[PDB]
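Novice: Okay, here's the structure, questions in a sec.
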Amino acid sequence: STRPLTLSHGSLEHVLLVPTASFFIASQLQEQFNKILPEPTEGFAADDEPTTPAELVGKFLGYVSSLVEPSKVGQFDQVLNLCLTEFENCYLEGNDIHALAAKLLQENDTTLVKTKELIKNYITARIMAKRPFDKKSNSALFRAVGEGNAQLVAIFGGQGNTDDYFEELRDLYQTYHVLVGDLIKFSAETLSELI
Amino acid sequence: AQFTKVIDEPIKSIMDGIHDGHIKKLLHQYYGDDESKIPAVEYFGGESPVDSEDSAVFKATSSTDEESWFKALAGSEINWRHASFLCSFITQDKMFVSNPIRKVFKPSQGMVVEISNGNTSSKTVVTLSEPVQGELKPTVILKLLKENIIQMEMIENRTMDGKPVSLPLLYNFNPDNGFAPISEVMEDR
Amino acid sequence: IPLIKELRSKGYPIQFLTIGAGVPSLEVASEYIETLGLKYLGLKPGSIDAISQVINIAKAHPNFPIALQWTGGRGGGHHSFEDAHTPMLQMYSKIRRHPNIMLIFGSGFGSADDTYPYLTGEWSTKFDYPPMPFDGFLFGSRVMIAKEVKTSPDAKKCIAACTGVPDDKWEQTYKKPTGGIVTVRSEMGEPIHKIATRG
Amino acid sequence: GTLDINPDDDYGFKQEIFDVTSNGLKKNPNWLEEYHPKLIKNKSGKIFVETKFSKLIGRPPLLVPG
Ligand SMILES: Cc1cc2nc3c(=O)[nH]c(=O)nc-3n(C[C@H](O)[C@H](O)[C@H](O)COP(=O)(O)O)c2cc1C
Ligand code: NA
């Protein structure tokens, strides 16, 4: 048996087929979540306000991930895993998070910053749920260079591309912390020592 | 002005001069001076700058996309059939009318088209069948008669004695005119 | 315009309409494309701005064929102040982003030889750009001494005797007779390439 | 580096790397190849210069202008 759990913010919702077992814990998170969402507006214009059903499930993955412990296994782990599985089925369809993020930009009226939040939430969610990106990717580009219908050269920029270079670092550290945090931390410690 | 010297040169000579010159250079530069290497097509033209099986049946729903439908009835090979279903207009003696084959074969609920001998154009026959008082019957038979005459047989199955009646519409197919290859035989029409 | 529509609707064999001396607005183009049963529309942009206007017309009817007839100042009759090459070097990439544009090169052409490097696309090599092949060509001046044009016998003789000049010297028409051609203002003040007769 | 949308599709952003459909493999046009003039034969054996233009009008890609 399953049993529904409506995630909602104004007009938009996502019906969540939660197993009978995990419903106790799941509807707790649901309640504590619904209060931390701001008041709905027309168009869902406010910065921290999900414009699509996908963003909504995004914010929930991000919330539930924040209450999950990296060394021990708490009670929220079996819930996170089902929200991921549901998100991956309804919204990714086997494609990458970035491909979805680009749909929402041209197709819907989500902003860049709301999309960078969606990417953050899903990738943070994947690592905290002990589901790393171990599988080799179905990337169409990389398949094609694989078959020799394509070839890549990697180029690396220099100084002078924008006046606000450090914001690109912020964006990496904030968006992709779970992937890049170790590297930033190592780089910082390395440079302190160099000094 | 540096290329304008020979007075009273016929216009055909000037223009063919330029075209023939390009062919000569293209042949040498890319085809090893070999005319046998030049690909061939029954007729050349009618191609928008944007753009099988020998025995098939096609059923028109109310959702069937016109463009897919006509592309299907046309077939991939460029012949009288390709023109009949894709060529937008036909000639009626200097004047250009809407292609009546496309008009009659415009898809809608009930229509069933059967292509026999798809892969040999000389023999190909496309047959439109529609509901006629409950039972489904042939309304249109499209095929070559002689090598350069298309015949669209328009059939009324509701007649004075039950025996079906035929209007043989006849069209010349001239692949020397790629832009407007189909032209209605107007004589005795 | 109403004539073409009337005639077109009686099934007259008019294939296309070319608009000369500048490019219509989107609203007016949209009219010509949808009202006049034409199989393509020819536009004769004279400047980089005019080429953009042609692109925006193509953008707006992406399944309708547009013959973009590019033309230099070196052209005969009413002419621009523009180089024949720079505008195409700047815009070629943007033009080819629109499949429905059939890009035709006009002005100064007379033969298979001078015209061929534009068909190949090898012309743009000279300027350290990649090859840029063209879909077609138009010959205005070259054709004016054909047998079946109505140009008077002595007029053909006069046209013929014009030695003409290479592209690198064409702009001297503004000052003096150049290849036996001068430029000269119309009653409205637009420049015109005419043979430097006494008149 | 960045996720964004190129309206011209001139070039791609991070999406193109990870995308699994056709949309991951886009190639920019090589103009030489895309618009290469060609030769073609009617059934009567007449030879035409095959370009985007002649392919439409079924005549040589050459015109006397107004
Ligand atoms: C005598 C003459 C008359 C012209 N009349 C027109 C016209 O009515 N409309 C137009 O768009 N262009 C007109 N043009 C310009 C041509 O269409 C074309 O752009 C030009 O002749 C091509 O350059 P070329 O003559 O150097 O080959 C005329 C050109 C000449 C020489
Ligand atoms: Na001359």
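Letters A, B, ... mark the chains of the structure tokens in the order given; residue numbers begin at 1 per chain; ligand numbers begin at 1, in order shown.
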Output the neighbourhood of ligand 2 as a VMD selection string, that is, all protein and nucleic acid residues with some atom at most 9 Å from the ligand, counting only C-alpha atoms and all ligand atoms.
Specialist: (chain B and resid 1 to 6) or (chain C and resid 141 to 142 145 156 to 164 179 to 180)
Novice: Report as a list in words all protein, DNA and RNA residues lying within 8 Å of segment 71-83 of chain A, evaluated on only C-alpha atoms, omitting residues in the same chain fewer than 3 positions from it.
Specialist: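 Result of the neighbour search: residues 16, 18, 22, 25, 26, 57, 61, 64, 65, 67, 68, 86, 87, 125 and 129 of chain A.
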Novice: Using only C-alpha atoms and all ligand atoms, which residues of the polymer chains come no farther than 7 Å from ligand 1? I'd like the answer as a list in words.
Specialist: residues 19, 20, 21, 44, 71, 74, 75, 76, 77, 78, 106, 107, 108, 109, 138, 139, 140, 141 and 142 of chain C; 65 and 66 of chain D
Novice: Export, as a PDB file, in the first residue's frame, the selected residues with N, CA, C and O atoms.
Specialist:
ATOM      1  N   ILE C  19      11.263  43.513 -54.521  1.00  0.00           N
ATOM      2  CA  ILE C  19      11.108  44.937 -54.120  1.00  0.00           C
ATOM      3  C   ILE C  19      12.493  45.586 -54.169  1.00  0.00           C
ATOM      4  O   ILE C  19      13.397  45.116 -53.418  1.00  0.00           O
ATOM      5  N   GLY C  20      12.627  46.633 -54.995  1.00  0.00           N
ATOM      6  CA  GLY C  20      13.854  47.438 -55.153  1.00  0.00           C
ATOM      7  C   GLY C  20      13.779  48.771 -54.426  1.00  0.00           C
ATOM      8  O   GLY C  20      12.682  49.191 -54.022  1.00  0.00           O
ATOM      9  N   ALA C  21      14.930  49.411 -54.270  1.00  0.00           N
ATOM     10  CA  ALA C  21      15.110  50.738 -53.625  1.00  0.00           C
ATOM     11  C   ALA C  21      14.639  50.679 -52.168  1.00  0.00           C
ATOM     12  O   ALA C  21      13.794  51.488 -51.786  1.00  0.00           O
ATOM     13  N   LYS C  44      16.157  43.614 -51.825  1.00  0.00           N
ATOM     14  CA  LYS C  44      17.442  44.148 -52.346  1.00  0.00           C
ATOM     15  C   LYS C  44      18.050  45.057 -51.290  1.00  0.00           C
ATOM     16  O   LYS C  44      18.177  46.258 -51.496  1.00  0.00           O
ATOM     17  N   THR C  71      23.849  43.438 -53.263  1.00  0.00           N
ATOM     18  CA  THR C  71      24.221  44.335 -54.377  1.00  0.00           C
ATOM     19  C   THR C  71      25.201  45.373 -53.835  1.00  0.00           C
ATOM     20  O   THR C  71      24.954  45.892 -52.742  1.00  0.00           O
ATOM     21  N   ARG C  74      29.046  49.405 -56.600  1.00  0.00           N
ATOM     22  CA  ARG C  74      29.653  49.194 -57.941  1.00  0.00           C
ATOM     23  C   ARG C  74      28.581  48.769 -58.956  1.00  0.00           C
ATOM     24  O   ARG C  74      28.918  48.611 -60.156  1.00  0.00           O
ATOM     25  N   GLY C  75      27.349  48.525 -58.494  1.00  0.00           N
ATOM     26  CA  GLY C  75      26.196  48.186 -59.351  1.00  0.00           C
ATOM     27  C   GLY C  75      25.858  49.305 -60.324  1.00  0.00           C
ATOM     28  O   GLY C  75      26.312  50.439 -60.120  1.00  0.00           O
ATOM     29  N   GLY C  76      25.110  48.977 -61.374  1.00  0.00           N
ATOM     30  CA  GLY C  76      24.613  49.936 -62.374  1.00  0.00           C
ATOM     31  C   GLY C  76      23.294  50.527 -61.929  1.00  0.00           C
ATOM     32  O   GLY C  76      22.637  49.894 -61.078  1.00  0.00           O
ATOM     33  N   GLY C  77      22.926  51.687 -62.490  1.00  0.00           N
ATOM     34  CA  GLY C  77      21.687  52.426 -62.166  1.00  0.00           C
ATOM     35  C   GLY C  77      21.759  53.038 -60.784  1.00  0.00           C
ATOM     36  O   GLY C  77      22.870  53.379 -60.351  1.00  0.00           O
ATOM     37  N   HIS C  78      20.609  53.180 -60.114  1.00  0.00           N
ATOM     38  CA  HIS C  78      20.515  53.665 -58.712  1.00  0.00           C
ATOM     39  C   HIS C  78      21.406  52.747 -57.856  1.00  0.00           C
ATOM     40  O   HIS C  78      21.228  51.531 -57.969  1.00  0.00           O
ATOM     41  N   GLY C 106      24.921  40.030 -56.523  1.00  0.00           N
ATOM     42  CA  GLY C 106      24.789  40.873 -57.722  1.00  0.00           C
ATOM     43  C   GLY C 106      25.807  41.996 -57.712  1.00  0.00           C
ATOM     44  O   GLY C 106      26.321  42.316 -56.618  1.00  0.00           O
ATOM     45  N   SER C 107      26.089  42.551 -58.899  1.00  0.00           N
ATOM     46  CA  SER C 107      26.848  43.813 -59.130  1.00  0.00           C
ATOM     47  C   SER C 107      28.264  43.479 -59.592  1.00  0.00           C
ATOM     48  O   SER C 107      28.987  42.784 -58.846  1.00  0.00           O
ATOM     49  N   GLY C 108      28.632  43.967 -60.776  1.00  0.00           N
ATOM     50  CA  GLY C 108      29.990  43.824 -61.331  1.00  0.00           C
ATOM     51  C   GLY C 108      30.229  42.477 -61.985  1.00  0.00           C
ATOM     52  O   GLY C 108      31.347  42.253 -62.434  1.00  0.00           O
ATOM     53  N   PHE C 109      29.227  41.604 -62.048  1.00  0.00           N
ATOM     54  CA  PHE C 109      29.378  40.234 -62.597  1.00  0.00           C
ATOM     55  C   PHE C 109      29.005  40.230 -64.081  1.00  0.00           C
ATOM     56  O   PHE C 109      28.088  40.999 -64.495  1.00  0.00           O
ATOM     57  N   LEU C 138      23.001  37.577 -60.084  1.00  0.00           N
ATOM     58  CA  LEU C 138      22.212  38.421 -61.009  1.00  0.00           C
ATOM     59  C   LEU C 138      23.150  39.304 -61.834  1.00  0.00           C
ATOM     60  O   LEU C 138      24.174  39.818 -61.307  1.00  0.00           O
ATOM     61  N   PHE C 139      22.802  39.441 -63.109  1.00  0.00           N
ATOM     62  CA  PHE C 139      23.575  40.182 -64.132  1.00  0.00           C
ATOM     63  C   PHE C 139      22.665  41.272 -64.686  1.00  0.00           C
ATOM     64  O   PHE C 139      21.692  40.953 -65.402  1.00  0.00           O
ATOM     65  N   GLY C 140      22.940  42.515 -64.303  1.00  0.00           N
ATOM     66  CA  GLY C 140      22.165  43.673 -64.769  1.00  0.00           C
ATOM     67  C   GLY C 140      22.794  44.231 -66.020  1.00  0.00           C
ATOM     68  O   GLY C 140      22.326  43.907 -67.124  1.00  0.00           O
ATOM     69  N   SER C 141      23.869  44.988 -65.820  1.00  0.00           N
ATOM     70  CA  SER C 141      24.637  45.696 -66.864  1.00  0.00           C
ATOM     71  C   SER C 141      25.067  44.714 -67.959  1.00  0.00           C
ATOM     72  O   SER C 141      24.905  45.078 -69.122  1.00  0.00           O
ATOM     73  N   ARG C 142      25.563  43.517 -67.607  1.00  0.00           N
ATOM     74  CA  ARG C 142      26.147  42.525 -68.573  1.00  0.00           C
ATOM     75  C   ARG C 142      25.192  42.250 -69.740  1.00  0.00           C
ATOM     76  O   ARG C 142      25.652  42.013 -70.867  1.00  0.00           O
TER      77      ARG C 142
ATOM     78  N   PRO D  65      17.944  40.763 -63.334  1.00  0.00           N
ATOM     79  CA  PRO D  65      17.176  41.474 -62.326  1.00  0.00           C
ATOM     80  C   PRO D  65      16.281  42.501 -63.010  1.00  0.00           C
ATOM     81  O   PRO D  65      16.558  42.838 -64.116  1.00  0.00           O
ATOM     82  N   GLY D  66      15.256  42.972 -62.311  1.00  0.00           N
ATOM     83  CA  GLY D  66      14.428  44.102 -62.766  1.00  0.00           C
ATOM     84  C   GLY D  66      15.317  45.274 -63.104  1.00  0.00           C
ATOM     85  O   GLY D  66      16.214  45.580 -62.314  1.00  0.00           O
TER      86      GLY D  66
END
Novice: Skipping near chain neighbours, those fewer than 5 positions away, what residues fall within 8 Å of residue 58 of chain D using only C-alpha atoms, listed as a list in words?
Specialist: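 Final neighbour list, sorted by chain and number: residues 44, 45, 46, 177, 178 and 179 of chain B.
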Novice: What would the file look like if the residues just selected were written as an mmCIF file, in the first residue's frame with N, CA, C and O atoms?
Specialist:
data_model
loop_
_atom_site.group_PDB
_atom_site.id
_atom_site.type_symbol
_atom_site.label_atom_id
_atom_site.label_comp_id
_atom_site.auth_asym_id
_atom_site.auth_seq_id
_atom_site.Cartn_x
_atom_site.Cartn_y
_atom_site.Cartn_z
ATOM 1 N N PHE B 44 14.050 18.000 -61.750
ATOM 2 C CA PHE B 44 14.864 18.847 -60.838
ATOM 3 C C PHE B 44 14.150 20.161 -60.540
ATOM 4 O O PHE B 44 14.002 20.980 -61.479
ATOM 5 N N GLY B 45 13.766 20.355 -59.274
ATOM 6 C CA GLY B 45 13.123 21.593 -58.790
ATOM 7 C C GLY B 45 11.975 21.318 -57.832
ATOM 8 O O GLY B 45 11.691 20.134 -57.540
ATOM 9 N N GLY B 46 11.348 22.386 -57.340
ATOM 10 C CA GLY B 46 10.192 22.326 -56.431
ATOM 11 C C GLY B 46 10.612 22.051 -55.001
ATOM 12 O O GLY B 46 9.762 21.589 -54.238
ATOM 13 N N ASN B 177 10.245 20.065 -66.809
ATOM 14 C CA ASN B 177 9.848 21.286 -66.058
ATOM 15 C C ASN B 177 9.745 20.955 -64.564
ATOM 16 O O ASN B 177 8.619 20.672 -64.097
ATOM 17 N N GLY B 178 10.873 21.022 -63.846
ATOM 18 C CA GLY B 178 10.977 20.626 -62.425
ATOM 19 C C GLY B 178 10.061 21.438 -61.521
ATOM 20 O O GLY B 178 9.622 20.904 -60.474
ATOM 21 N N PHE B 179 9.780 22.693 -61.887
ATOM 22 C CA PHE B 179 9.028 23.613 -61.006
ATOM 23 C C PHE B 179 7.535 23.289 -61.070
ATOM 24 O O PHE B 179 6.875 23.316 -60.008
#
Novice: Report as a ChimeraX atom specification all protein, DNA and RNA residues lying within 12 Å of residue 102 of chain B, evaluated on only C-alpha atoms, omitting residues in the same chain fewer than 5 positions from it.
Specialist: /B:66-67,69-71,73-74,81-90,97,107,142,152
Novice: Those residues with N, CA and C atoms, as a tab-separated table (two decimals), in the first residue's frame please?
Specialist:
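The result, stored in part-v4.tsv:
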chain	number	residue	atom	x	y	z
B	66	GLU	N	-1.00	16.74	-41.99
B	66	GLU	CA	-1.05	16.85	-43.47
B	66	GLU	C	0.34	16.58	-44.06
B	67	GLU	N	1.37	17.23	-43.53
B	67	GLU	CA	2.73	17.22	-44.12
B	67	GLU	C	3.27	15.79	-44.13
B	69	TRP	N	1.46	13.03	-43.98
B	69	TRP	CA	0.49	12.26	-44.81
B	69	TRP	C	0.89	12.34	-46.28
B	70	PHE	N	1.09	13.55	-46.80
B	70	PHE	CA	1.46	13.78	-48.23
B	70	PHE	C	2.87	13.24	-48.48
B	71	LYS	N	3.81	13.44	-47.56
B	71	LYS	CA	5.20	12.91	-47.66
B	71	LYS	C	5.11	11.39	-47.82
B	73	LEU	N	2.33	9.46	-48.95
B	73	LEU	CA	1.68	9.13	-50.25
B	73	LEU	C	2.64	9.41	-51.41
B	74	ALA	N	3.56	10.36	-51.25
B	74	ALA	CA	4.51	10.79	-52.31
B	74	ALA	C	5.53	9.68	-52.56
B	81	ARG	N	4.66	10.33	-58.95
B	81	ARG	CA	3.90	10.19	-57.69
B	81	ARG	C	4.37	11.24	-56.68
B	82	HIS	N	5.68	11.44	-56.59
B	82	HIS	CA	6.32	12.45	-55.70
B	82	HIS	C	5.72	13.81	-56.03
B	83	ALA	N	5.69	14.18	-57.32
B	83	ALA	CA	5.11	15.45	-57.82
B	83	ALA	C	3.63	15.52	-57.47
B	84	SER	N	2.88	14.46	-57.75
B	84	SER	CA	1.40	14.44	-57.60
B	84	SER	C	1.01	14.86	-56.19
B	85	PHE	N	1.79	14.49	-55.18
B	85	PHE	CA	1.40	14.67	-53.76
B	85	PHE	C	2.16	15.82	-53.08
B	86	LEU	N	3.21	16.38	-53.68
B	86	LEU	CA	4.04	17.43	-53.02
B	86	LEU	C	4.00	18.74	-53.81
B	87	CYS	N	4.13	18.69	-55.13
B	87	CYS	CA	3.95	19.85	-56.04
B	87	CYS	C	2.68	20.62	-55.64
B	88	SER	N	2.79	21.91	-55.27
B	88	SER	CA	1.70	22.71	-54.63
B	88	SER	C	0.63	23.10	-55.65
B	89	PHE	N	1.04	23.33	-56.89
B	89	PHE	CA	0.22	23.85	-58.01
B	89	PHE	C	0.32	22.89	-59.19
B	90	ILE	N	-0.60	23.02	-60.15
B	90	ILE	CA	-0.49	22.41	-61.51
B	90	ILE	C	-0.81	23.48	-62.55
B	97	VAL	N	-3.11	26.67	-61.15
B	97	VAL	CA	-4.20	26.39	-60.17
B	97	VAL	C	-3.61	25.58	-59.02
B	107	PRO	N	-6.32	14.82	-45.92
B	107	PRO	CA	-6.74	13.78	-44.99
B	107	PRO	C	-7.87	14.20	-44.04
B	142	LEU	N	-5.45	6.67	-58.68
B	142	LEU	CA	-4.34	7.49	-59.22
B	142	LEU	C	-3.30	6.53	-59.82
B	152	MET	N	-6.21	10.52	-62.60
B	152	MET	CA	-7.00	10.50	-61.36
B	152	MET	C	-8.45	10.19	-61.73
Novice: Once DSSP has gone over the backbone, tell me which residues of chain C are in strand (DSSP E or B), as a ChimeraX atom specification.
Specialist: /C:16-19,40-43,66-71,77-78,101-106,136-138,178,181-185,191-195
Novice: Write the residues of the selection above to a file with C-alpha atoms, as an mmCIF file, in the first residue's frame.
Specialist:
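File produced: part-v9.cif:
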data_model
loop_
_atom_site.group_PDB
_atom_site.id
_atom_site.type_symbol
_atom_site.label_atom_id
_atom_site.label_comp_id
_atom_site.auth_asym_id
_atom_site.auth_seq_id
_atom_site.Cartn_x
_atom_site.Cartn_y
_atom_site.Cartn_z
ATOM 1 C CA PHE C 16 7.809 35.976 -57.348
ATOM 2 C CA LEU C 17 7.915 39.728 -56.545
ATOM 3 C CA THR C 18 11.252 41.572 -56.012
ATOM 4 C CA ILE C 19 11.108 44.937 -54.120
ATOM 5 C CA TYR C 40 9.172 33.572 -53.126
ATOM 6 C CA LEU C 41 9.861 37.269 -52.250
ATOM 7 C CA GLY C 42 12.980 39.136 -53.488
ATOM 8 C CA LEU C 43 14.477 41.924 -51.309
ATOM 9 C CA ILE C 66 13.268 34.995 -49.345
ATOM 10 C CA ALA C 67 15.665 35.800 -52.227
ATOM 11 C CA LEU C 68 18.090 38.244 -50.507
ATOM 12 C CA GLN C 69 19.661 39.964 -53.597
ATOM 13 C CA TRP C 70 22.895 41.491 -52.164
ATOM 14 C CA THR C 71 24.221 44.335 -54.377
ATOM 15 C CA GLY C 77 21.687 52.426 -62.166
ATOM 16 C CA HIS C 78 20.515 53.665 -58.712
ATOM 17 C CA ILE C 101 16.997 32.891 -47.164
ATOM 18 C CA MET C 102 18.347 32.096 -50.686
ATOM 19 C CA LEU C 103 21.433 34.362 -50.783
ATOM 20 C CA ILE C 104 22.137 35.862 -54.260
ATOM 21 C CA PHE C 105 25.192 38.017 -55.187
ATOM 22 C CA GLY C 106 24.789 40.873 -57.722
ATOM 23 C CA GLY C 136 22.904 32.418 -57.090
ATOM 24 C CA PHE C 137 23.850 35.515 -59.138
ATOM 25 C CA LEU C 138 22.212 38.421 -61.009
ATOM 26 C CA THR C 178 35.899 55.871 -64.690
ATOM 27 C CA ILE C 181 30.985 55.607 -66.220
ATOM 28 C CA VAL C 182 30.212 58.485 -63.741
ATOM 29 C CA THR C 183 27.810 58.656 -60.779
ATOM 30 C CA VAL C 184 25.275 61.517 -60.821
ATOM 31 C CA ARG C 185 22.275 62.591 -58.623
ATOM 32 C CA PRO C 191 23.251 58.422 -56.802
ATOM 33 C CA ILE C 192 23.008 56.754 -60.289
ATOM 34 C CA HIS C 193 25.786 54.996 -62.314
ATOM 35 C CA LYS C 194 25.323 56.279 -65.904
ATOM 36 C CA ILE C 195 27.633 56.182 -68.982
#
Novice: Taking only C-alpha atoms into account, which of C:95, C:84, C:143, C:33 comes nearest residue 64 of chain D?
Specialist: C:143
Novice: Which residues are near residue 119 of chain C? Cut-off 9 Å, only C-alpha atoms, ignore same chain within fewer than 2 positions. Put them as an NGL selection string.
Specialist: (:B and (22)) or (:C and (115-117 or 121-123 or 132-137)) or (:D and (35-37 or 51))
Novice: Given the selection you just returned, output its residues as a file containing C-alpha atoms, formatted as a PDB file, in the first residue's frame.
Specialist:
ATOM      1  CA  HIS B  22      30.232  26.725 -63.938  1.00  0.00           C
TER       2      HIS B  22
ATOM      3  CA  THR C 115      31.407  34.811 -60.599  1.00  0.00           C
ATOM      4  CA  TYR C 116      32.749  31.249 -59.846  1.00  0.00           C
ATOM      5  CA  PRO C 117      34.850  32.056 -56.707  1.00  0.00           C
ATOM      6  CA  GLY C 121      32.928  30.284 -51.539  1.00  0.00           C
ATOM      7  CA  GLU C 122      36.730  30.634 -52.089  1.00  0.00           C
ATOM      8  CA  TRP C 123      36.241  34.462 -52.477  1.00  0.00           C
ATOM      9  CA  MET C 132      31.276  31.485 -47.911  1.00  0.00           C
ATOM     10  CA  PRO C 133      29.491  29.988 -50.979  1.00  0.00           C
ATOM     11  CA  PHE C 134      26.473  31.831 -52.547  1.00  0.00           C
ATOM     12  CA  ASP C 135      23.233  30.289 -53.912  1.00  0.00           C
ATOM     13  CA  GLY C 136      22.904  32.418 -57.090  1.00  0.00           C
ATOM     14  CA  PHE C 137      23.850  35.515 -59.138  1.00  0.00           C
TER      15      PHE C 137
ATOM     16  CA  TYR D  35      26.340  25.196 -49.260  1.00  0.00           C
ATOM     17  CA  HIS D  36      28.854  23.357 -51.545  1.00  0.00           C
ATOM     18  CA  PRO D  37      27.651  23.910 -55.127  1.00  0.00           C
ATOM     19  CA  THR D  51      22.249  25.360 -55.029  1.00  0.00           C
TER      20      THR D  51
END
Novice: With only C-alpha atoms considered, list every residue of chain D at most 12 Å from chain C, as a PyMOL selection string.
Specialist: chain D and resi 7-10+28-38+49-57+59-66
